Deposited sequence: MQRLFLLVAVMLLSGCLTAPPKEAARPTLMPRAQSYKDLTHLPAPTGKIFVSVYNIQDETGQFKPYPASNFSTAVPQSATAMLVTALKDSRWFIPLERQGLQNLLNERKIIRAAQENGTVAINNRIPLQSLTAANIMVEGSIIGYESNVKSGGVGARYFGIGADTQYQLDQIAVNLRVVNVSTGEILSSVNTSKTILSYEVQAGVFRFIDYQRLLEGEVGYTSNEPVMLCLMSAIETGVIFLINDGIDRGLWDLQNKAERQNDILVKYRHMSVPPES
């Protein structure tokens, strides 16, 4: 098992959800340095060293130094990087048709999440490896309806919409980004 100290990985996309959505609400989740901290632990052997998060674990330790009137492991590597980019439509499209009296239609869009991960050495400060990874996000809407006349009248509508959970594919993106960093480490091999 190798000790990895990862402090923080910030959303650098600078991108925000469009109207009607709140202009304050980021279009990308800040869950990185959790998603990352777990995905290393799930890739075990790796033993995430916390430091999220350190000043809390530091406050606690004062108390244990106090209550008694015992050391703290470091990592010989470190991981870093950030969320690179997000946008849409990227590549997007759709079709639809209506005849008397039945209409139907379907639309879809893609998005692109990118993540930069870099394994950096602790002692020498040299960046041992860095990779940029990008996944894509699907969304689609489907509708069908009938307008028919009798004399009287008749109509009907059905629809289904699916939007891939941006949080989830970041994870996949930030997962695969872990997979890479390992390959980079194996031929080293450290």
property: Non-modelled portions of the deposited polymer sequence, in sequence order; result: 1 to 47, 117 to 128, 211 to 212, 252 to 277
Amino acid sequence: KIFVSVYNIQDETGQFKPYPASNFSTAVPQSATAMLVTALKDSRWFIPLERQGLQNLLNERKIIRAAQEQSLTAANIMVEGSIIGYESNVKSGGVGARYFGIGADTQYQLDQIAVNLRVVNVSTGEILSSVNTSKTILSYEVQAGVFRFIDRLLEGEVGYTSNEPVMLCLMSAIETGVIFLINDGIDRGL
From here on, numbers count along this sequence of modelled residues.
query	finding
Greater mean Cα temperature factor according to the PDB record, 72 to 80 or 94 to 102	94 to 102
Stretch with the greater mean C-alpha B-factor as recorded in the entry, comparing 181 to 189 against 2 to 10	181 to 189
Top Cα B factor in the deposited entry, candidates 66, 32, 57, 131	66
Peak C-alpha temperature factor (PDB record), options 125, 48, 53, 156	156
Chain third (lowest, middle, highest) by recorded CA B-factor, residue given as residue 138	lowest
Entry-reported Cα temperature factor of residue 112, expressed as the chain third it lands in	middle
Among modelled residues of the same chain, the CA temperature factor third for residue 28	lowest
